[PDB]
């Protein structure tokens, strides 16, 4: 199970970790991907998770999009976790750099409530452009299931913990 996490609340835990390394170590039931509506895993967490699967996540995702069309911002889909987890929950947080409504971040986090335990990044953080402090606040106030947050940057991790 999950080790080295700081407990923030009854159900939210946080660690300064590379989510790829964390997933390979833990092999959790669910790893969350910071997806976009097209499931194009080019960069950020998605690019890193996809690279760890040797592009198998992207091949599976392209078939999913060809069949179902794009996801909604705030929506999700469950696909294979490949070599990282049993399942990958691809969740689309709003991308502030695309002018998407930050209010959709709560809807994005609500997808986590369909899974008892998840390894996840902060939604809409990083290249999605939202304030990670705000993302953590929405996470804590929305997710009721057990979420283990992996924050790649030590400096950001320290800021998130110290300001919680």
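Residue numbers count along the first chain shown, from 1.
Comparing 101 to 109 with 46 to 54, the higher mean C-alpha B-factor in the PDB entry belongs to 101 to 109. Relative to its counterpart among 91 to 99 and 29 to 37, 91 to 99 has the higher mean temperature factor, C-alpha atoms as listed in the PDB entry.
Sorting the modelled residues of the chain by their CA temperature factor places residue 60 in the lowest third.
Sort the chain's modelled residues by C-alpha temperature factor and residue 78 lands in the lowest third, per the entry.
Residue 133: CA B factor lies in the highest third for its chain, per the PDB record.
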